[PDB]
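Beneath this line is the structure, given in structure tokens, with notes to follow.
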Amino acid sequence: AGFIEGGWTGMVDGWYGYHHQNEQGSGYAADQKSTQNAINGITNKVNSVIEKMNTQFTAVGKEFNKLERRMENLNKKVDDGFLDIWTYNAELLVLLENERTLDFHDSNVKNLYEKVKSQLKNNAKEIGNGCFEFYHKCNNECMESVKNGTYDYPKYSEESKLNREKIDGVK
Amino acid sequence: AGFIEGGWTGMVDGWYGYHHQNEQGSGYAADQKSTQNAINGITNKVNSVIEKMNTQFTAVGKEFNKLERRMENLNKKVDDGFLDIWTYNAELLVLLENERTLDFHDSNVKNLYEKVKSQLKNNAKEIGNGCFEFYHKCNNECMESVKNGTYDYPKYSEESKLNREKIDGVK
Amino acid sequence: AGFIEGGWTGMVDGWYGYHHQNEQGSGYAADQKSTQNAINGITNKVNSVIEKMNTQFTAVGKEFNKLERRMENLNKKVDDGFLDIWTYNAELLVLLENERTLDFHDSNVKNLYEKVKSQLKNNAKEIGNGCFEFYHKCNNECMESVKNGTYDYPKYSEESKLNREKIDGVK
Amino acid sequence: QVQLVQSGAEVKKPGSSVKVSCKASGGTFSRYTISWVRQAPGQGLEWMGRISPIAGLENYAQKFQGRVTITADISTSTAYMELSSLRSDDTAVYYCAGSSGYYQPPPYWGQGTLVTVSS
Amino acid sequence: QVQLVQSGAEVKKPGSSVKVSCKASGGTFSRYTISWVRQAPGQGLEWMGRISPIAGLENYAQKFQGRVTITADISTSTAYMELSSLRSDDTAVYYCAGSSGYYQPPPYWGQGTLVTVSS
Amino acid sequence: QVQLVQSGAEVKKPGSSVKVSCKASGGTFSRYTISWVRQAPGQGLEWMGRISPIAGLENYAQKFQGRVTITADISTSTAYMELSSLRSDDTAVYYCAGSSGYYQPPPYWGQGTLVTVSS
Amino acid sequence: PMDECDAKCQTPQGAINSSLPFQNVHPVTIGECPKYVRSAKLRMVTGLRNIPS
Amino acid sequence: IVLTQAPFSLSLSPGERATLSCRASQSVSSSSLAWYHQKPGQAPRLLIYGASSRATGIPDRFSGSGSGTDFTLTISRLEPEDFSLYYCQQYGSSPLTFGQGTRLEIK
Amino acid sequence: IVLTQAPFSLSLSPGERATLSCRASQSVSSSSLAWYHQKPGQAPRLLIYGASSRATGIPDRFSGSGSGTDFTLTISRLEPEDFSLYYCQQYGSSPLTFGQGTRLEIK
Amino acid sequence: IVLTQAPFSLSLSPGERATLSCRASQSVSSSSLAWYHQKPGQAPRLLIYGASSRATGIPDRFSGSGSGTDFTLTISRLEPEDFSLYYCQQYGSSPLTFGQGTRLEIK
Amino acid sequence: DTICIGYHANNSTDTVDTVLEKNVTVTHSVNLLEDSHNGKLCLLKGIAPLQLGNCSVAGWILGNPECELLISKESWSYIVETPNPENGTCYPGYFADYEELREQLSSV
Ligand SMILES: *[C@@H]1O[C@H](CO)[C@@H](O)[C@H](O)[C@H]1NC(C)=O
Ligand SMILES: *[C@@H]1O[C@H](CO)[C@@H](O)[C@H](O)[C@H]1NC(C)=O
Ligand SMILES: *[C@@H]1O[C@H](CO)[C@@H](O)[C@H](O)[C@H]1NC(C)=O
């Protein structure tokens with residue numbers, strides 16, 4: 001699996017994350033920093049939409065007489081005008097925010113792909129479906145290091161070269 | 001040519017597409033799936049802007065007397081207020097949608113570039129202007145396969161390696 | 001340093017630019033074309049927000065009597081309605097424009113990274129922090145050429161191959 | 001589903017032009033591609049061209065490449081086919097047909113209108 | 001800082017369900033993750049689960065995986081824990097606690113409410 | 001095209017400061033970069049610095065790096081040059097000039113105002 | 001008090017000479033004037049995040 | 001692209017099974033040659049969507065398949081309603097070319 | 001993950017220094033095992049945020065450190081307020097498991 | 001960068017052709033050394049935009065070219081209006097430095 | 001030998017808000033909301049107001065004995081009254097359609 005094919009069920013620890021498999025075990029984990037930052041972003045967005053609304057104590061209804069029909073109709077015009085403006089803006093705002101939010105999340109999962117590729121460089125094969133395969137054998141300690149962003153690339157340099165070289169041809 | 005240099009005239013089969021040249025002939029084709037999806041997106045966007053507008057039967061004009069000048073001026077204030085709001089929002093909405101639409105399309109043509117690069121991997125040279133050149137000889141069947149997203153990369157693996165190796169130096 | 005780590009102080013010649021170091025000297029320079037285009041973009045954006053506002057000579061205040069309280073309250077309703085709409089839209093517009101502006105600028109500095117990588121291809125090592133290191137020795141003339149977008153890649157092809165080959169192993 | 005309604009029959013003199021209208025109802029015009037097809041008397045169908053009200057991408061058959069203009073306007077939910085320099089060779093019933101997508105065959109054909117070109 | 005207020009104590013018969021509410025005040029509800037913890041009489045704490053009002057990501061302890069539903073609604077600034085198929089084994093004080101982040105321990109604990117399950 | 005108007009002449013005592021204003025009219029202020037140039041009596045021109053009302057990017061000549069502040073405010077469509085710690089060495093005509101771009105020479109020069117520093 | 005200037009908008013607190021689209025000086029104005037906004041600030045980014053290396 | 005859809009006329013009795021087929025100079029995109037049925041005086045009706053999908057509203061007596069440059073329409077349990085003209089349309093090709101028309105006669 | 005926080009009871013005189021420690025079957029994420037203090041009848045109070053940060057409002061008598069599968073809480077200058085139960089919580093782990101509870105007695 | 005624009009004074013008769021040139025310690029960006037003409041008592045007027053474009057509103061008697069560290073201004077058909085000071089400005093450089101000023105005298 | 005790509009940074013402490021983050025420090029920003037004024041009344045499009053001072057509009061229009069200095073000006077851009085006018089109706093009564101009259105005289 002991987003972000004290219006679809007999301008994961010069972011990865012309930014966060015919006016974004018990793019799955020790994022090695023000789024010591026396997027399972028899901030959230031990228032806790034990425035997820036919390038994405039959450040803070042979304043939280044600020046939702047709260048901005050809500051908090052910027054000016055809520056004041058009001059008195060909406062107005063009464064009119066038989067010969068105040070023009071005034072009644074103006075009062076109605078005002079309510080319909082404001083209502084169409086707020087309805088149009090609310091519908092449109094939500095649709096626009098939803099397009100950006102879904103794009104935001106797609107961007108963030110790809111950014112994790114770039115985070116890992118940049119960190120691993122040529123010590124892992126890209127699969128193309130959102131996965132990477134190490135050329136070197138990788139235990140639980142290097143899995144944590146990659147997730148942390150502390151992978152000691154030079155440490156595995158020789159092992160990965162030797163394993164890539166299994167298909168080098170002439171040497 | 002290619003998307004980097006500008007668009008193509010004569011490619012009238014779609015917004016996005018391919019041009020190819022091989023030993024059996026050449027010409028333009030649309031990426032029919034990409035174009036239809038882009039069209040559905042744009043169609044939904046244009047219709048959303050139009051459909052969300054609340055059109056009701058109305059009665060806009062109001063009459064006022066000599067001594068109802070304050071009421072007339074309020075009625076005018078209301079019309080100018082609503083008009084400036086709708087004008088500002090309509091102008092701004094269109095400018096914002098136009099920036100996003102043009103960016104949307106630039107994103108989609110690049111996405112096709114990524115689609116092809118991902119599929120062909122190292123069996124084709126990137127030109128950098130939006131084109132790819134196969135190392136292997138490619139006939140009409142592989143051109144259709146690449147456009148379809150079914151390119152059998154392994155099938156051409158040996159031919160492409162051998163052709164890339166013409167400049168390998170020592171082996 | 002580089003755009004990955006943060007911006008530069010002392011690079012006061014533009015929003016986007018280069019720093020270089022070679023045997024003949026070092027320092028900052030703006031990418032004058034990129035910066036001017038980014039500026040034109042931002043300038044048009046700020047002016048659009050301002051210019052599309054319809055400013056008309058007005059007369060905002062209205063007077064009401066003791067028994068015109070409903071009219072006074074409608075007048076107030078109209079002012080509060082318009083004010084909440086403009087306040088909500090102004091706050092939200094600025095927040096949305098600010099997110100796009102900051103993203104715009106991040107996109108533009110990355111685009112320069114792509115500009116240089118595309119131009120230099122494999123004649124320079126990516127550092128990953130926003131820098132490139134030439135394999136060939138590069139003097140002031142090639143620094144200007146790269147900034148101009150006229151780098152004669154073939155000219156340095158042999159020197160860069162020879163320097164990359166210092167770590168080729170078997171040949 | 002969309003239903004298409006066409007203008008009535010017309011008779012033209014050689015060298016003149018005809019503008020054949022088509023209106024959509026019963027569905028959303030902007031969501032269908034309009035494709036115009038020529039029915040020659042005593043013969044089969046000939047494709048003349050298509051337009052997408054939203055995407056443009058006007059695409060015409062080579063025979064009429066310098067003669068026929070196909071337009072659409074979502075404002076009135078109509079499409080038009082304007083054919084210049086009419087010949088007696090152009091007597092035919094012209095059909096307006098809708099399609100659910102730009103690259104799909106049309107299942108929603110209109111009435112067909114006869115245009116006769118004669119002296 | 002947020003302060004949490006819980007519903008009063010309840011007594012239930014085995015097989016029935018209990019819905020324990022928690023309300024937030026003194027801060028923004030939507031900015032805290034709500035985590036529910038069980039205090040067994042005479043024993044220590046057991047985690048039951050958490051919810052983010054904005055992110056969802058409901059996460060439950062395995063023991064109650066098919067039994068407890070945790071919800072939140074930013075509309076009322078509350079969270080609820082609904083536990084089905086009650087057993088005498090479930091007598092405990094249930095605490096509502098807030099956390100400054102999804103991956104942070106909670107420093108803002110509520111009152112605790114006793115739910116007793118008995119005949 | 002933009003035209004630039006400057007404040008009148010001023011006389012200052014050594015150690016004091018002068019704030020030289022420039023106003024734009026006849027075009028859009030925010031679209032021009034403002035560049036200040038010093039004309040020494042009996043000598044040529046010296047560049048002092050520039051500002052973009054929208055981009056900032058204040059850029060000052062080294063000689064006045066710790067002495068001159070150049071500002072702009074699109075609100076009033078003006079630019080200012082404030083020079084501190086005045087010396088008799090600073091007697092000069094100070095010109096405000098506009099440029100069509102940040103990296104272009106200015107073709108739109110203003111009036112020039114004399115500032116004299118003396119006892 | 002009254003004095004001379006080139007005013008475009010005036011509020012009871014004094015005259016305004018400004019090109020900006022919004023103002024928070026006063027809700028009731030006379031003349032060609034920026035829209036009144038309840039907000040304390042509308043600062044738009046033109047520049048970059050000021051995060052030095 | 002050249003489409004040669006009507007190499008023959010066909011004469012059948014109601015209740016019979018028969019086939020019609022289309023040939024072309026090049027491939028009709030990917031399985032994108034549609035089939036039409038035309039009753040005299042009527043606009044063409046779509047039968048087969050793409051090389052083989054049944055168009056919405058079309059009876060189960062109609063089916064077909066094909067690829068490339070060679071496609072077939074099959075009608076079983078033929079009824080009087082079916083005895084009219086048949087066409088192929090290259091909707092997936094650059095020009096959306098139509099065939100000549102084959103006529104089915106009643107015995 | 002299995003957390004074994006209460007291997008022993010502890011009995012101290014006020015003013016003394018003492019430590020408590022937690023062990024686990026796997027690593028508690030990265031330095032993410034929190035410490036809690038519970039006065040009878042009260043909700044648990046957070047003392048240590050993560051393996052070692054002092055939680056806001058907590059006195060300087062409390063400190064701690066650790067990593068992996070082995071963490072320690074130290075209390076110096078012990079006061080009557082401290083003679084209650086202690087717990088560990090794996091807030092950085094998939095289940096946010098709690099320890100058993102250790103009791104501190106007054107001599 | 002050091003700009004040395006006025007190595008000499010110049011004395012010409014009206015109607016004559018003559019040139020002025022600027023030298024610099026480094027390159028003036030890419031062809032970005034502008035030329036100015038100053039009538040006594042006036043603000044400088046731009047003649048040449050960049051190394052060689054004619055500034056808008058400038059007569060055809062003015063032209064010039066150059067690159068790097070060596071640039072030339074040419075005036076043909078010299079008129080009384082031209083007998084004033086000339087300057088170079090490195091508008092494409094980091095400091096936008098100006099030259100010293102050369103004076104053209106009338107014979 | 002080395003080329004690095006970067007962007008501008010400086011000593012500014014101004015901040016902005018966005019929809020995803022708050023209190024972001026920015027190198028340059030534009031305040032689109034005007035909050036200053038001159039503290040004084042002025043000439044609107046170059047034209048002085050009618051300043052009534054202690055007088056109300058009714059005072060001036062009716063010609064209150066104390067509005068003597070207000071009856072020399074023949075044109076104005078706007079009318080200014082003190083916050084709580086004292087010289088208006090001096091012989092008390094109802095001024096019909098007063099609010100309408102003040103709308104009509106708002107610009108002469
Ligand atoms: C920031 O201020 C310091 C003095 O405190 C000064 O040395 C430095 O050059 C300034 N930075 C910039 C980018 O101007
Ligand atoms: C932003 O700064 C102001 C002024 O110091 C402060 O009152 C406000 O709480 C800060 N907001 C955030 C989200 O930090
Ligand atoms: C009203 O008149 C008094 C003198 O009786 C004077 O002091 C005061 O300033 C005047 N007020 C106005 C608004 O003119």
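Identifiers in the structure tokens: chain A, B, ... in order shown; residue index from 1 per chain; ligand index from 1 in order shown.
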
Task: Selection: 7 Å around segment 3-10 of chain J, only C-alpha atoms, excl. self and same-chain fewer than 2 positions, as a list in words - done: residues 1, 12, 21, 22, 23, 24, 25, 87, 88, 99, 100, 101, 102, 103, 104 and 105 of chain J

Open item on the list: Which residues are near ligand 3 - at most 10 Å, using only C-alpha atoms and all ligand atoms? Format: as a list in words.
Closed with: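 Those within range of ligand 3 are residues 1 of chain G; 51, 52, 53, 54, 55, 66, 80, 81, 82, 83, 84, 85, 86 and 87 of chain K.
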
Would you save the residues from that selection as a short mmCIF file (atom, residue, chain, number, x, y, z; two decimals), in the first residue's frame, using C-alpha atoms?
```
data_model
loop_
_atom_site.label_atom_id
_atom_site.label_comp_id
_atom_site.auth_asym_id
_atom_site.auth_seq_id
_atom_site.Cartn_x
_atom_site.Cartn_y
_atom_site.Cartn_z
CA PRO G 1 -11.18 72.90 15.35
CA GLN K 51 -19.38 75.65 11.01
CA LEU K 52 -22.28 76.32 13.28
CA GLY K 53 -20.39 75.89 16.55
CA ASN K 54 -22.89 76.48 19.45
CA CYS K 55 -25.83 76.60 16.94
CA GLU K 66 -26.84 84.00 18.64
CA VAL K 80 -20.78 70.94 11.34
CA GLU K 81 -22.60 71.22 14.67
CA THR K 82 -20.92 71.03 18.11
CA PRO K 83 -21.67 67.56 19.78
CA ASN K 84 -24.58 68.99 21.75
CA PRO K 85 -25.85 72.28 20.22
CA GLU K 86 -27.24 74.88 22.55
CA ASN K 87 -28.66 77.65 20.21
#
```

Task: Contacts with ligand 2 at most 10 Å, only C-alpha atoms and all ligand atoms counted, listed as a PyMOL selection string - done: (chain A and resi 44) or (chain K and resi 15-17+21-24)

Please provide chain F as a PDB file with C-alpha atoms, in the first residue's frame, once it has been superposed on chain D by least squares across all sequentially paired Cα atoms.
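Dumped to result-v6.pdb:
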```
ATOM      1  CA  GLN F   1     -30.905  13.187 -20.012  1.00  0.00           C
ATOM      2  CA  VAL F   2     -31.278  16.316 -22.220  1.00  0.00           C
ATOM      3  CA  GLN F   3     -33.739  16.878 -25.002  1.00  0.00           C
ATOM      4  CA  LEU F   4     -32.890  18.909 -28.071  1.00  0.00           C
ATOM      5  CA  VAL F   5     -35.146  21.200 -30.110  1.00  0.00           C
ATOM      6  CA  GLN F   6     -34.196  22.575 -33.506  1.00  0.00           C
ATOM      7  CA  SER F   7     -35.292  25.428 -35.727  1.00  0.00           C
ATOM      8  CA  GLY F   8     -37.655  24.838 -38.640  1.00  0.00           C
ATOM      9  CA  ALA F   9     -36.755  24.051 -42.233  1.00  0.00           C
ATOM     10  CA  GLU F  10     -35.240  26.656 -44.514  1.00  0.00           C
ATOM     11  CA  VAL F  11     -34.668  27.158 -48.227  1.00  0.00           C
ATOM     12  CA  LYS F  12     -31.606  29.013 -49.424  1.00  0.00           C
ATOM     13  CA  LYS F  13     -30.175  30.174 -52.697  1.00  0.00           C
ATOM     14  CA  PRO F  14     -26.673  28.995 -53.679  1.00  0.00           C
ATOM     15  CA  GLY F  15     -23.928  31.187 -52.234  1.00  0.00           C
ATOM     16  CA  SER F  16     -25.974  32.277 -49.179  1.00  0.00           C
ATOM     17  CA  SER F  17     -25.601  31.155 -45.565  1.00  0.00           C
ATOM     18  CA  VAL F  18     -27.779  29.309 -43.051  1.00  0.00           C
ATOM     19  CA  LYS F  19     -27.693  29.438 -39.284  1.00  0.00           C
ATOM     20  CA  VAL F  20     -29.264  26.395 -37.697  1.00  0.00           C
ATOM     21  CA  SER F  21     -30.144  26.740 -34.051  1.00  0.00           C
ATOM     22  CA  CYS F  22     -30.524  24.040 -31.346  1.00  0.00           C
ATOM     23  CA  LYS F  23     -31.865  24.550 -27.834  1.00  0.00           C
ATOM     24  CA  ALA F  24     -31.474  22.299 -24.866  1.00  0.00           C
ATOM     25  CA  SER F  25     -34.002  21.613 -22.177  1.00  0.00           C
ATOM     26  CA  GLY F  26     -34.681  19.013 -19.490  1.00  0.00           C
ATOM     27  CA  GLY F  27     -31.089  18.945 -18.240  1.00  0.00           C
ATOM     28  CA  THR F  28     -28.024  21.140 -17.918  1.00  0.00           C
ATOM     29  CA  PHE F  29     -26.775  22.480 -21.256  1.00  0.00           C
ATOM     30  CA  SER F  30     -23.311  23.216 -20.009  1.00  0.00           C
ATOM     31  CA  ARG F  31     -22.808  19.583 -19.085  1.00  0.00           C
ATOM     32  CA  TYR F  32     -23.259  18.204 -22.602  1.00  0.00           C
ATOM     33  CA  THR F  33     -21.126  18.383 -25.684  1.00  0.00           C
ATOM     34  CA  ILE F  34     -23.079  19.313 -28.794  1.00  0.00           C
ATOM     35  CA  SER F  35     -22.321  17.429 -31.982  1.00  0.00           C
ATOM     36  CA  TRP F  36     -23.803  18.286 -35.363  1.00  0.00           C
ATOM     37  CA  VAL F  37     -24.491  15.542 -37.921  1.00  0.00           C
ATOM     38  CA  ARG F  38     -25.575  15.821 -41.555  1.00  0.00           C
ATOM     39  CA  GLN F  39     -28.105  13.394 -43.067  1.00  0.00           C
ATOM     40  CA  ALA F  40     -27.838  13.431 -46.825  1.00  0.00           C
ATOM     41  CA  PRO F  41     -31.059  12.413 -48.666  1.00  0.00           C
ATOM     42  CA  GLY F  42     -30.773   8.815 -49.821  1.00  0.00           C
ATOM     43  CA  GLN F  43     -27.446   8.378 -48.033  1.00  0.00           C
ATOM     44  CA  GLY F  44     -25.951   7.927 -44.600  1.00  0.00           C
ATOM     45  CA  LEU F  45     -24.746  10.257 -41.884  1.00  0.00           C
ATOM     46  CA  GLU F  46     -21.792  12.635 -42.010  1.00  0.00           C
ATOM     47  CA  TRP F  47     -20.217  14.259 -38.990  1.00  0.00           C
ATOM     48  CA  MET F  48     -19.783  18.030 -39.261  1.00  0.00           C
ATOM     49  CA  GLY F  49     -18.408  19.081 -35.906  1.00  0.00           C
ATOM     50  CA  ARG F  50     -18.728  19.572 -32.137  1.00  0.00           C
ATOM     51  CA  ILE F  51     -18.440  22.188 -29.394  1.00  0.00           C
ATOM     52  CA  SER F  52     -18.179  22.122 -25.606  1.00  0.00           C
ATOM     53  CA  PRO F  53     -20.038  25.159 -24.119  1.00  0.00           C
ATOM     54  CA  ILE F  54     -17.420  25.323 -21.339  1.00  0.00           C
ATOM     55  CA  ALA F  55     -14.257  23.935 -22.888  1.00  0.00           C
ATOM     56  CA  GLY F  56     -14.486  25.300 -26.423  1.00  0.00           C
ATOM     57  CA  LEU F  57     -12.390  22.798 -28.330  1.00  0.00           C
ATOM     58  CA  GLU F  58     -14.409  23.292 -31.446  1.00  0.00           C
ATOM     59  CA  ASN F  59     -13.655  20.386 -33.731  1.00  0.00           C
ATOM     60  CA  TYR F  60     -14.813  20.354 -37.334  1.00  0.00           C
ATOM     61  CA  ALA F  61     -14.843  17.766 -40.075  1.00  0.00           C
ATOM     62  CA  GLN F  62     -12.268  18.575 -42.768  1.00  0.00           C
ATOM     63  CA  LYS F  63     -14.808  18.988 -45.540  1.00  0.00           C
ATOM     64  CA  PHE F  64     -16.350  22.025 -43.873  1.00  0.00           C
ATOM     65  CA  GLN F  65     -13.168  23.302 -42.243  1.00  0.00           C
ATOM     66  CA  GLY F  66     -13.325  26.699 -43.934  1.00  0.00           C
ATOM     67  CA  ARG F  67     -17.142  26.834 -44.157  1.00  0.00           C
ATOM     68  CA  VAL F  68     -18.886  25.938 -40.912  1.00  0.00           C
ATOM     69  CA  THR F  69     -18.840  27.706 -37.609  1.00  0.00           C
ATOM     70  CA  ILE F  70     -20.212  25.987 -34.538  1.00  0.00           C
ATOM     71  CA  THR F  71     -20.942  28.005 -31.456  1.00  0.00           C
ATOM     72  CA  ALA F  72     -22.616  27.614 -28.106  1.00  0.00           C
ATOM     73  CA  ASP F  73     -23.779  29.995 -25.450  1.00  0.00           C
ATOM     74  CA  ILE F  74     -24.629  28.815 -21.954  1.00  0.00           C
ATOM     75  CA  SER F  75     -26.581  32.055 -21.498  1.00  0.00           C
ATOM     76  CA  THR F  76     -29.432  30.830 -23.696  1.00  0.00           C
ATOM     77  CA  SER F  77     -28.579  27.131 -23.501  1.00  0.00           C
ATOM     78  CA  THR F  78     -28.257  26.944 -27.240  1.00  0.00           C
ATOM     79  CA  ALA F  79     -25.897  25.894 -29.964  1.00  0.00           C
ATOM     80  CA  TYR F  80     -25.676  27.047 -33.509  1.00  0.00           C
ATOM     81  CA  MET F  81     -24.296  25.810 -36.739  1.00  0.00           C
ATOM     82  CA  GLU F  82     -23.638  28.441 -39.341  1.00  0.00           C
ATOM     83  CA  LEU F  83     -22.745  27.170 -42.778  1.00  0.00           C
ATOM     84  CA  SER F  84     -21.459  29.617 -45.407  1.00  0.00           C
ATOM     85  CA  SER F  85     -21.289  29.477 -49.217  1.00  0.00           C
ATOM     86  CA  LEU F  86     -24.173  27.053 -49.612  1.00  0.00           C
ATOM     87  CA  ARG F  87     -24.253  24.650 -52.520  1.00  0.00           C
ATOM     88  CA  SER F  88     -26.980  22.339 -53.852  1.00  0.00           C
ATOM     89  CA  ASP F  89     -24.648  19.614 -52.522  1.00  0.00           C
ATOM     90  CA  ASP F  90     -25.581  20.761 -49.017  1.00  0.00           C
ATOM     91  CA  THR F  91     -29.228  19.815 -49.123  1.00  0.00           C
ATOM     92  CA  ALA F  92     -29.590  17.667 -46.007  1.00  0.00           C
ATOM     93  CA  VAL F  93     -31.260  17.266 -42.678  1.00  0.00           C
ATOM     94  CA  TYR F  94     -29.048  18.665 -39.998  1.00  0.00           C
ATOM     95  CA  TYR F  95     -29.265  17.027 -36.599  1.00  0.00           C
ATOM     96  CA  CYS F  96     -28.205  18.404 -33.208  1.00  0.00           C
ATOM     97  CA  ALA F  97     -27.118  15.691 -30.786  1.00  0.00           C
ATOM     98  CA  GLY F  98     -25.931  15.757 -27.215  1.00  0.00           C
ATOM     99  CA  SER F  99     -23.296  13.680 -25.486  1.00  0.00           C
ATOM    100  CA  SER F 100     -22.668  13.001 -21.818  1.00  0.00           C
ATOM    101  CA  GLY F 101     -18.960  13.672 -22.348  1.00  0.00           C
ATOM    102  CA  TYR F 102     -16.534  15.139 -24.849  1.00  0.00           C
ATOM    103  CA  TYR F 103     -15.176  11.766 -25.858  1.00  0.00           C
ATOM    104  CA  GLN F 104     -18.467   9.834 -25.736  1.00  0.00           C
ATOM    105  CA  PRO F 105     -20.953   9.089 -28.572  1.00  0.00           C
ATOM    106  CA  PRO F 106     -24.195  11.083 -28.339  1.00  0.00           C
ATOM    107  CA  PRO F 107     -27.375   9.261 -27.180  1.00  0.00           C
ATOM    108  CA  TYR F 108     -29.538  12.403 -27.119  1.00  0.00           C
ATOM    109  CA  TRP F 109     -30.491  13.331 -30.624  1.00  0.00           C
ATOM    110  CA  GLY F 110     -32.733  16.182 -31.624  1.00  0.00           C
ATOM    111  CA  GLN F 111     -35.404  16.607 -34.257  1.00  0.00           C
ATOM    112  CA  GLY F 112     -33.381  17.293 -37.393  1.00  0.00           C
ATOM    113  CA  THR F 113     -34.026  20.214 -39.689  1.00  0.00           C
ATOM    114  CA  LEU F 114     -33.995  20.280 -43.434  1.00  0.00           C
ATOM    115  CA  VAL F 115     -32.047  22.873 -45.265  1.00  0.00           C
ATOM    116  CA  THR F 116     -32.558  22.954 -49.006  1.00  0.00           C
ATOM    117  CA  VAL F 117     -30.261  24.747 -51.350  1.00  0.00           C
ATOM    118  CA  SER F 118     -31.710  25.399 -54.776  1.00  0.00           C
ATOM    119  CA  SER F 119     -32.499  27.960 -57.570  1.00  0.00           C
TER     120      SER F 119
END
```

Neighbourhood of ligand 1 at 7 Å, counting only C-alpha atoms and all ligand atoms, reported as a PDB file with N, CA and C atoms, in the first residue's frame:
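Wrote result24.pdb, looks like this:
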```pdb
ATOM      1  N   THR C   9      20.381  37.865   5.347  1.00  0.00           N
ATOM      2  CA  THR C   9      20.457  39.245   5.710  1.00  0.00           C
ATOM      3  C   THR C   9      21.644  39.779   4.966  1.00  0.00           C
ATOM      4  N   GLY C  10      21.469  40.938   4.374  1.00  0.00           N
ATOM      5  CA  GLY C  10      22.483  41.562   3.544  1.00  0.00           C
ATOM      6  C   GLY C  10      22.093  41.430   2.073  1.00  0.00           C
TER       7      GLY C  10
ATOM      8  N   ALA K   9      15.877  38.356   4.010  1.00  0.00           N
ATOM      9  CA  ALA K   9      15.557  38.386   5.432  1.00  0.00           C
ATOM     10  C   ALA K   9      16.089  39.706   5.954  1.00  0.00           C
ATOM     11  N   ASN K  10      15.470  40.236   7.003  1.00  0.00           N
ATOM     12  CA  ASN K  10      15.874  41.535   7.525  1.00  0.00           C
ATOM     13  C   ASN K  10      15.548  41.638   9.033  1.00  0.00           C
ATOM     14  N   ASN K  11      15.567  42.868   9.618  1.00  0.00           N
ATOM     15  CA  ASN K  11      15.359  43.137  11.052  1.00  0.00           C
ATOM     16  C   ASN K  11      13.896  43.492  11.433  1.00  0.00           C
TER      17      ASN K  11
END
```

Open item on the list: So that I can check the secondary structure, give me every residue of segment 14-127 of chain C assigned strand (DSSP E or B) by backbone DSSP, as a list in words.
Closed with: residues 16, 17, 18, 19, 20, 21, 22, 25, 26, 27, 28, 29, 30, 57, 58, 59, 124, 125 and 126 of chain C

Task: Residue contacts of segment 15-17 of chain I (12 Å, only C-alpha atoms) excluding same-chain residues fewer than 6 positions away, as a PyMOL selection string - done: chain I and resi 61-63+73-83+106-107

TODO: Just give me the gap between atom CA of residue 13 of chain C and atom CA of residue 4 of chain K in Å, one decimal is fine.
DONE: 15.4 Å

TODO: Rounded to one decimal place, report the atom CA of residue 14 of chain K-atom CA of residue 26 of chain K distance in Å.
DONE: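 It comes out at 6.0 Å.
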
Task: Interatomic distance (Å, one decimal) between atom CA of residue 60 of chain B and atom CA of residue 62 of chain C - done: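 It comes out at 22.4 Å.
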
Kindly provide the residues of chain H that approach chain D to within 7 Å, each paired with its closest atom pair and their distance in Å to one decimal, based on only C-alpha atoms, listed by chain and increasing number, as a tab-separated table.
```
residue	atom	partner	partner_atom	distance
H:34	CA	D:105	CA	6.8
H:43	CA	D:109	CA	6.2
H:45	CA	D:107	CA	6.5
H:46	CA	D:107	CA	5.3
H:91	CA	D:105	CA	5.5
H:92	CA	D:103	CA	6.0
H:95	CA	D:61	CA	6.1
H:96	CA	D:47	CA	6.2
H:97	CA	D:47	CA	6.0
H:98	CA	D:46	CA	6.0
H:100	CA	D:44	CA	5.2
H:101	CA	D:44	CA	5.7
```
